[PDB]
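Here you get one chain, nothing else, as structure tokens; it is the form solved without the ligand.
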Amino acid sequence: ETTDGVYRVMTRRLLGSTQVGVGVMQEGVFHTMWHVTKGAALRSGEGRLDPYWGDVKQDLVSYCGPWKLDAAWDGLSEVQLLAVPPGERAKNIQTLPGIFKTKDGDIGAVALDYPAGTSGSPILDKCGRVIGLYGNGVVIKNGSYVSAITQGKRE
């Protein structure tokens, strides 16, 4: 199945069924983070999904086609993290993202803490557009987790 929507990325190599990450299917392309799959091929029931593009520094990878998600944070409005935690249901979490300030510009960042198996969950704008993926960030002084809004480049 290549139906649009959000998917869990599961593995059996360890104890039981374990959720390594989360991904997005859009326009026949599966979008997740690199550290989730480490570029490995994926199975979708009877089919198989092979990586098409990936970048370790961006922590992104696409399957069966180019990166299709092109929306970005307008910067101002609040967004929603469609978190799909391991063993739990997808739930939308509205938040006003912060700012990751780097030498190469500013990127939005949401201060939401979820198990590592939530890596790759999409972040949406008010129109439902995927503006980035969740799962690449830092740990601050009190030790909660703040993830960047990681978005790829279409075309």
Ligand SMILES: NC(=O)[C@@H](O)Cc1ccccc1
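We call the rigid core the largest set of C-alpha positions that still match within 1.5 Å between the two forms. Residue indices: 1-based, along the sequence shown.
- The rigid core fit leaves 142-150 as the farther-lying stretch in 4 other deposited structures of this protein, judged by Cα positions and set against 127-135 and 142-150.
- For the pair 126-134 and 40-48, the mean Cα B-factor is higher in 40-48.
- Taking the deposited Cα B-factors for 54, 105, 117, 108, the highest one is held by 105.
- When the CA B factors of the chain's modelled residues are split into thirds, the value for residue 23 lands in the middle one.
- Per the deposited record, the Cα B-factor of residue 146 falls in the middle third when ranked against the other modelled residues of its chain.
- When the modelled residues of the chain are ordered by their C-alpha B factor, residue 88 lands in the highest third.
- In this PDB entry, residue 69 carries a Cα temperature factor that places it within the highest third of its chain's modelled residues.
- For residue 15, the recorded CA temperature factor ranks within the highest third of the chain's modelled residues.
The protein also exists as the form solved in complex with the ligand; that form is not presented, and the subsequent description refers to it.
- The candidate stretches are 23-31, 65-73, 51-59, 102-110, and the one lying within 4.5 Å of the ligand in the deposited complex by heavy atoms is 51-59.
- Of the heavy atoms in residue 39, some are within 4.5 Å of the ligand in the deposited complex.
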